[PDB]
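Okay, so here's the structure we're looking at.
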Amino acid sequence: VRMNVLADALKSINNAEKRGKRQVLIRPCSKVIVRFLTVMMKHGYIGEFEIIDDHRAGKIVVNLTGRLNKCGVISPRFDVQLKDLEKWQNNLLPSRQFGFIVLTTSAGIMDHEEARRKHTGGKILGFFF
Amino acid sequence: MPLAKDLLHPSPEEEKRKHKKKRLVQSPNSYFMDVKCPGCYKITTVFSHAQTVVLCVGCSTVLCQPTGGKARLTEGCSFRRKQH
Amino acid sequence: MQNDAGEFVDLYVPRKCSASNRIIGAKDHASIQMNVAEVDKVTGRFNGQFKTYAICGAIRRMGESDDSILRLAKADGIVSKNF
Amino acid sequence: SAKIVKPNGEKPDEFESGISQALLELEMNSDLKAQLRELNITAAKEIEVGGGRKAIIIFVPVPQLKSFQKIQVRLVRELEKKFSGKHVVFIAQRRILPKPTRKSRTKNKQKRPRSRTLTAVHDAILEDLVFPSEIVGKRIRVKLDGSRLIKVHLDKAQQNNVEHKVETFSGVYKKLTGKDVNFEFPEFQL
Amino acid sequence: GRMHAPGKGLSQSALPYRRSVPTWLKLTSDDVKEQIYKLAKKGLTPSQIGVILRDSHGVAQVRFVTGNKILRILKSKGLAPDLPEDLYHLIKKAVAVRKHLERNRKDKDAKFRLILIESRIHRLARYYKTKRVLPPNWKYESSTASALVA
Amino acid sequence: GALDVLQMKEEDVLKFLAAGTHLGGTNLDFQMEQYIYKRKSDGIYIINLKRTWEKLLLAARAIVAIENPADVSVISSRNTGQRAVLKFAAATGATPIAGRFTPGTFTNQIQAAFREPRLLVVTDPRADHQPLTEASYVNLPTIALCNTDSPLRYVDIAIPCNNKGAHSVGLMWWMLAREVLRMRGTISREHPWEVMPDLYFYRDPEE
RNA sequence: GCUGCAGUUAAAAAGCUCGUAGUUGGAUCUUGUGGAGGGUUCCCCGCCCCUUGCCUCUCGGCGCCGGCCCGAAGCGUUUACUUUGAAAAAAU
Ligand SMILES: [Mg+2]
Ligand SMILES: [Mg+2]
Ligand SMILES: [Mg+2]
Ligand SMILES: [Mg+2]
Ligand SMILES: [Mg+2]
Ligand SMILES: [Mg+2]
Ligand SMILES: [Mg+2]
Ligand SMILES: [Mg+2]
């Protein structure tokens, strides 16, 4: 079935970090997975990643640093509107000095710190810290 | 589980040990072959996992038998794997 | 760890494992500090300078420090290549 | 012939008609006629290379493309020894259309078929840039500053025909689309 | 994950990445189409045509040689059957089961499997009616169903 | 090492093939899989020698870096390795332990057998498991000679060899003594060694 | 117990399967730079095809040397979402 593709991509990344692996393969690939990985890599929680291209949905190989502590998904994509955001990042995040919430806004997939910097709400996807 | 395996550049032989689909990119294990009847003479092109009965033209009026896997040639000599 | 003035307010900076990047706690009585020697490149005799490696207790308990030191050495000219 | 063989290409063009008249010339001779029947072109252009060389593109009208490909070896060598010191590549000239939702405002025209999408033509360009090599694998490494890097993996047969030209493929692509491409001959045939 | 069974196996095919035609080929697009029409005239379903073409001729996948799939080819000439063979073979199997059931009524496993076959028939007709392939007043009734197969 | 003074010479491959050290066991474990060349026609694995040599020189480089020679405690419990560890401790000044181990020697601050080593060499991971389990309490690295069916838990520098036959075990200890004494200074290279490996072999009670 | 509980043995998964509503649903359809606000690429004007944008004319005020031209009329298939304005008694 695989209702949600991002959920199992993130759970398979997170099951390997607990194990000390240097790399993972995750499949199928998707547009939202690549954007979420780019957001997670711009900050420095993962290394580079490579996309393997079959003529189907494809597969990704990720180089894992040892910096990632936990990444995860919020199961229904709730609407979040720049006033709920503080009450959201007081449940999901472990502190006020690190850890990011990832949300899709009409200006792309980004983090909360940029969402407030651009005055935009959207839908929550997940978090990593 | 060496804890540092390389997934992007696998082995040239351990990537043909895996299932046809569980490998990095899918590939069939089957192939096409030239077959020669020693009687009439043509170049019939046959699928390895035939599952059909093949005849040449007239002559032997058999050239392969179907099975649960790869088809077996009766006495079809000289069979060549075709390539890419 | 610093503050807005700039000073460092911290008891100590714990070391991190060289194979999994996770810090080594203060009560991990299974972590080691393996120290290997450097040779003098001509007559193959020891000369002072040496290399040091830390391995955490967990990945030492799963039987992986063996093939982790081999990788930390091969990456670093103690073995060069062609193991 | 040689003055109308760039329709919708604004036919009076110094370099383009210069390639044209010579091409149609060595077509019209009775040397080898069973290979061509005076097929149209539409454009041409010389582009620089980081390696300091010259490469000319032959923009073929796409319904001709299969018939150009049936040759692709005598023509390239002839036009090469005529313009010695350069490289010759053929491209079938396809159409990109804006996004029907939003890249250009909609006026309820048509469905915008998939062949006219950006990715489809951007792949058919790469297919045509390296024809005798029959692309066998693809890969994309996204590096640590946001930019990507494509790797194409071609057969280990038909090798000696393209790796001398392989440097100019990168230039042609980085000039047409804007992406950094690499070409490889893989670990082994498997 | 089988629909009506408790098993789960991956026995599917796997067609290759090089999607070009095989450099050798004893045929060309319209020669394939005539070879298709000939077999379609004799009463062969698209699956049978594709197997026959794969086993005795060079064509590994018709769609890479001719652009269109086999059913669209058969339609652009007016040769496809009135109902698709996915539903045809299921109705044939249900008729076969119901005959045996009428012969010996002490068979309850046949009853169960007939219920499952008819569930499949309904789940497929419900989808074929959504794509306007079947008239919206279509209905699987056992008697007229036995009539349909002939 | 990557160099040529440390590379294996033809005189040592003959010592190896004469002691039989390349001949593995019948069972393989998934951690020793990088040290095997190929399984023979009968069910037995050949150990790669070039890999034995590199792991043996890595162990020597780990031992030479310890300043006090007398906290490199060496242990053997089986009857084949006792003379070898006694002679290894004599040749380079370690402190040997042959026979029973008397658990708690590393973690008990009353016993008179209580010592605090800085390294630990051992003949057989699967027969001297008590020193390993105890080293896992006091931050104690470990070197070990491994058969093809040795569990690499708590070992840090495995040396692949035939671990079963007496000639193999003595040869490995002799070569470990040779290479520590060589690179510490002492018995400089470009000479054969006074000691012959047979001083290190098991007695196997005589005529 | 939505955030946030439980169902091997403490209370607890219908004997088993099918099935309409209900809830949930795989991958895929355009990118760099000239000036400009924040660094030394990257995120309002526009160039490789388009980058509010096609138009069809018409009356109203706007250039210039009877003539020449862009803003004004439809609007981007629609929605949900998100940001912003308007309009919502006081008391508390
Ligand atoms: Mg499954
Ligand atoms: Mg099957
Ligand atoms: Mg199927
Ligand atoms: Mg409770
Ligand atoms: Mg009870
Ligand atoms: Mg109970
Ligand atoms: Mg039950
Ligand atoms: Mg979707």
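Convention: chains lettered A, B, ... in structure tokens order; per-chain residue numbering from 1; ligands numbered from 1 as shown.
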
Exercise for the section: Do a neighbour search on region 136-149 of chain E at 9 Å with only C-alpha atoms (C1' of nucleotides), toss out local chain neighbours closer than 6 positions, and write the hits as a PyMOL selection string. Expected result: chain E and resi 88-89+91-92+94-95+98+118+121-122+125+129-130

Only residues of chain C matter here; which ones have an atom within 10 Å of chain A, counting only C-alpha atoms? Give them as a PDB file with C-alpha atoms, in the first residue's frame.
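Saved the output as result_6.pdb:
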ATOM      1  CA  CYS C  17      34.247   8.398  18.782  1.00  0.00           C
ATOM      2  CA  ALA C  19      33.927   5.697  13.857  1.00  0.00           C
ATOM      3  CA  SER C  20      30.393   6.920  14.644  1.00  0.00           C
ATOM      4  CA  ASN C  21      30.743  10.598  15.702  1.00  0.00           C
ATOM      5  CA  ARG C  22      28.851  10.070  18.981  1.00  0.00           C
ATOM      6  CA  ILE C  23      30.340  11.511  22.150  1.00  0.00           C
ATOM      7  CA  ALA C  58      28.549   0.419  21.860  1.00  0.00           C
ATOM      8  CA  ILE C  59      30.242  -0.159  18.497  1.00  0.00           C
ATOM      9  CA  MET C  62      28.708  -5.106  18.450  1.00  0.00           C
ATOM     10  CA  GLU C  64      32.896  -3.516  14.871  1.00  0.00           C
TER      11      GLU C  64
END

Exercise for the section: Could you give me, as a PyMOL selection string, every polymer residue with an atom at most 10 Å away from an atom of ligand 3, counting only C-alpha atoms (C1' of nucleotides) and all ligand atoms? Expected result: chain E and resi 10-13

Practice task
Output as an MDAnalysis selection string all residues of chain C that backbone DSSP marks as helix (DSSP H, G or I).
Solution key: chainID C and resid 57:61 66:74

Exercise for the section: Using DSSP on the backbone, list every residue of chain D that comes out as strand (DSSP E or B), and give them as a ChimeraX atom specification. Expected result: /D:43-48,54-61,87-93,137-142,148-153,181-184

Name each residue within 9 Å of ligand 4, counting only C-alpha atoms (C1' of nucleotides) and all ligand atoms, as a PDB file with N, CA, C and O atoms (P, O5', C5', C4', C3', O3' and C1' of nucleotides), in the first residue's frame.
ATOM      1  P     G G   1     -10.201  12.932  26.586  1.00  0.00           P
ATOM      2  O5'   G G   1      -8.772  12.266  26.399  1.00  0.00           O
ATOM      3  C5'   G G   1      -7.929  12.625  25.321  1.00  0.00           C
ATOM      4  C4'   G G   1      -6.765  11.677  25.210  1.00  0.00           C
ATOM      5  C3'   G G   1      -6.963  10.461  24.322  1.00  0.00           C
ATOM      6  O3'   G G   1      -6.705  10.769  22.961  1.00  0.00           O
ATOM      7  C1'   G G   1      -5.783   9.901  26.334  1.00  0.00           C
ATOM      8  P     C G   5      -1.520   7.743  23.019  1.00  0.00           P
ATOM      9  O5'   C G   5      -1.144   7.054  24.405  1.00  0.00           O
ATOM     10  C5'   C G   5      -1.362   7.723  25.638  1.00  0.00           C
ATOM     11  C4'   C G   5      -1.733   6.770  26.746  1.00  0.00           C
ATOM     12  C3'   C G   5      -1.590   5.293  26.430  1.00  0.00           C
ATOM     13  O3'   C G   5      -0.258   4.829  26.559  1.00  0.00           O
ATOM     14  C1'   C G   5      -3.688   5.676  27.443  1.00  0.00           C
ATOM     15  P     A G   6       0.181   3.433  25.899  1.00  0.00           P
ATOM     16  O5'   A G   6      -0.564   2.343  26.788  1.00  0.00           O
ATOM     17  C5'   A G   6      -0.910   1.077  26.254  1.00  0.00           C
ATOM     18  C4'   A G   6      -2.104   0.490  26.961  1.00  0.00           C
ATOM     19  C3'   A G   6      -2.577  -0.860  26.454  1.00  0.00           C
ATOM     20  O3'   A G   6      -1.819  -1.937  26.973  1.00  0.00           O
ATOM     21  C1'   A G   6      -4.429   0.580  26.728  1.00  0.00           C
TER      22        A G   6
END

Problem - Shell of 9 Å around region 70-80 of chain A, only C-alpha atoms (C1' of nucleotides), local chain residues under 6 positions omitted, as a list in words - result: residues 4, 6, 7, 10, 11, 13, 14, 17, 88, 103, 121, 122, 123, 124, 125, 126, 127, 128 and 129 of chain A; 81 and 82 of chain G

Output of the above residues as a PDB file, in the first residue's frame, restricted to N, CA, C and O atoms (P, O5', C5', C4', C3', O3' and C1' of nucleotides):
ATOM      1  N   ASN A   4       1.989   6.782   2.654  1.00  0.00           N
ATOM      2  CA  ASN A   4       2.903   7.912   2.770  1.00  0.00           C
ATOM      3  C   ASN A   4       4.338   7.478   2.486  1.00  0.00           C
ATOM      4  O   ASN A   4       4.901   6.661   3.203  1.00  0.00           O
ATOM      5  N   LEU A   6       7.083   9.791   2.232  1.00  0.00           N
ATOM      6  CA  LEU A   6       8.008  10.536   3.085  1.00  0.00           C
ATOM      7  C   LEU A   6       8.170   9.893   4.465  1.00  0.00           C
ATOM      8  O   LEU A   6       9.273   9.851   4.992  1.00  0.00           O
ATOM      9  N   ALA A   7       7.101   9.360   5.044  1.00  0.00           N
ATOM     10  CA  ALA A   7       7.149   8.753   6.354  1.00  0.00           C
ATOM     11  C   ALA A   7       8.185   7.644   6.426  1.00  0.00           C
ATOM     12  O   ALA A   7       9.051   7.651   7.293  1.00  0.00           O
ATOM     13  N   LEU A  10      11.902   8.765   5.890  1.00  0.00           N
ATOM     14  CA  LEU A  10      12.488   9.302   7.113  1.00  0.00           C
ATOM     15  C   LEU A  10      12.683   8.230   8.173  1.00  0.00           C
ATOM     16  O   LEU A  10      13.686   8.259   8.873  1.00  0.00           O
ATOM     17  N   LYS A  11      11.790   7.250   8.304  1.00  0.00           N
ATOM     18  CA  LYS A  11      11.981   6.198   9.293  1.00  0.00           C
ATOM     19  C   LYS A  11      13.134   5.279   8.919  1.00  0.00           C
ATOM     20  O   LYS A  11      13.854   4.806   9.802  1.00  0.00           O
ATOM     21  N   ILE A  13      15.867   6.289   7.144  1.00  0.00           N
ATOM     22  CA  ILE A  13      17.036   7.102   7.523  1.00  0.00           C
ATOM     23  C   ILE A  13      17.286   7.019   9.014  1.00  0.00           C
ATOM     24  O   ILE A  13      18.417   6.848   9.445  1.00  0.00           O
ATOM     25  N   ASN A  14      16.243   7.111   9.828  1.00  0.00           N
ATOM     26  CA  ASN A  14      16.438   7.182  11.270  1.00  0.00           C
ATOM     27  C   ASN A  14      16.764   5.834  11.899  1.00  0.00           C
ATOM     28  O   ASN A  14      17.400   5.801  12.956  1.00  0.00           O
ATOM     29  N   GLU A  17      20.797   5.521  11.400  1.00  0.00           N
ATOM     30  CA  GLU A  17      21.539   6.381  12.308  1.00  0.00           C
ATOM     31  C   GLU A  17      21.721   5.800  13.700  1.00  0.00           C
ATOM     32  O   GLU A  17      22.817   5.826  14.247  1.00  0.00           O
ATOM     33  N   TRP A  88       3.440  24.816  18.115  1.00  0.00           N
ATOM     34  CA  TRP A  88       3.944  23.622  17.443  1.00  0.00           C
ATOM     35  C   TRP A  88       5.392  23.383  17.770  1.00  0.00           C
ATOM     36  O   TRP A  88       5.769  22.267  18.116  1.00  0.00           O
ATOM     37  N   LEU A 103       8.202  22.833   6.902  1.00  0.00           N
ATOM     38  CA  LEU A 103       6.851  23.038   6.420  1.00  0.00           C
ATOM     39  C   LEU A 103       6.891  23.505   4.974  1.00  0.00           C
ATOM     40  O   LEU A 103       7.825  24.188   4.543  1.00  0.00           O
ATOM     41  N   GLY A 121       2.655  31.035   6.510  1.00  0.00           N
ATOM     42  CA  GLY A 121       2.301  29.754   7.080  1.00  0.00           C
ATOM     43  C   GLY A 121       2.275  28.690   6.005  1.00  0.00           C
ATOM     44  O   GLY A 121       2.771  28.884   4.894  1.00  0.00           O
ATOM     45  N   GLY A 122       1.658  27.551   6.263  1.00  0.00           N
ATOM     46  CA  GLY A 122       1.580  26.496   5.264  1.00  0.00           C
ATOM     47  C   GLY A 122       1.145  25.190   5.870  1.00  0.00           C
ATOM     48  O   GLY A 122       0.328  25.193   6.776  1.00  0.00           O
ATOM     49  N   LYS A 123       1.683  24.077   5.401  1.00  0.00           N
ATOM     50  CA  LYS A 123       1.423  22.766   5.986  1.00  0.00           C
ATOM     51  C   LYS A 123       2.672  22.169   6.579  1.00  0.00           C
ATOM     52  O   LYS A 123       3.714  22.192   5.936  1.00  0.00           O
ATOM     53  N   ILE A 124       2.585  21.608   7.770  1.00  0.00           N
ATOM     54  CA  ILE A 124       3.717  20.942   8.416  1.00  0.00           C
ATOM     55  C   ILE A 124       4.001  19.598   7.750  1.00  0.00           C
ATOM     56  O   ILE A 124       3.071  18.855   7.466  1.00  0.00           O
ATOM     57  N   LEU A 125       5.276  19.292   7.483  1.00  0.00           N
ATOM     58  CA  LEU A 125       5.715  17.990   6.969  1.00  0.00           C
ATOM     59  C   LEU A 125       6.387  17.140   8.047  1.00  0.00           C
ATOM     60  O   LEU A 125       6.072  15.967   8.211  1.00  0.00           O
ATOM     61  N   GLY A 126       7.321  17.711   8.793  1.00  0.00           N
ATOM     62  CA  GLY A 126       8.183  16.956   9.679  1.00  0.00           C
ATOM     63  C   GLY A 126       9.146  17.836  10.441  1.00  0.00           C
ATOM     64  O   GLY A 126       9.019  19.052  10.471  1.00  0.00           O
ATOM     65  N   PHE A 127      10.122  17.227  11.072  1.00  0.00           N
ATOM     66  CA  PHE A 127      11.116  17.916  11.872  1.00  0.00           C
ATOM     67  C   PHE A 127      12.374  17.075  11.933  1.00  0.00           C
ATOM     68  O   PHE A 127      12.346  15.870  11.693  1.00  0.00           O
ATOM     69  N   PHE A 128      13.481  17.698  12.278  1.00  0.00           N
ATOM     70  CA  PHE A 128      14.735  17.016  12.548  1.00  0.00           C
ATOM     71  C   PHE A 128      15.502  17.798  13.601  1.00  0.00           C
ATOM     72  O   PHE A 128      15.497  19.030  13.595  1.00  0.00           O
ATOM     73  N   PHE A 129      16.145  17.077  14.507  1.00  0.00           N
ATOM     74  CA  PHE A 129      17.044  17.706  15.463  1.00  0.00           C
ATOM     75  C   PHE A 129      18.193  16.776  15.821  1.00  0.00           C
ATOM     76  O   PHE A 129      18.490  15.832  15.093  1.00  0.00           O
TER      77      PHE A 129
ATOM     78  P     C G  81      -9.585  26.819   3.694  1.00  0.00           P
ATOM     79  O5'   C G  81      -7.996  26.683   3.701  1.00  0.00           O
ATOM     80  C5'   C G  81      -7.330  25.626   4.335  1.00  0.00           C
ATOM     81  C4'   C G  81      -5.849  25.665   3.985  1.00  0.00           C
ATOM     82  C3'   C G  81      -5.171  26.957   4.398  1.00  0.00           C
ATOM     83  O3'   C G  81      -4.790  26.885   5.759  1.00  0.00           O
ATOM     84  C1'   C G  81      -4.537  26.354   2.174  1.00  0.00           C
ATOM     85  P     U G  82      -4.927  28.142   6.734  1.00  0.00           P
ATOM     86  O5'   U G  82      -3.742  29.088   6.248  1.00  0.00           O
ATOM     87  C5'   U G  82      -2.391  28.737   6.356  1.00  0.00           C
ATOM     88  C4'   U G  82      -1.565  29.712   5.535  1.00  0.00           C
ATOM     89  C3'   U G  82      -1.799  31.188   5.825  1.00  0.00           C
ATOM     90  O3'   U G  82      -1.125  31.655   6.988  1.00  0.00           O
ATOM     91  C1'   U G  82      -1.782  30.737   3.478  1.00  0.00           C
TER      92        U G  82
END

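Once only C-alpha atoms (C1' of nucleotides) and all ligand atoms are used for the distance check, the residues close to ligand 6 at 12 Å turn out to be residues 7, 8, 9, 10, 11, 12 and 13 of chain G.
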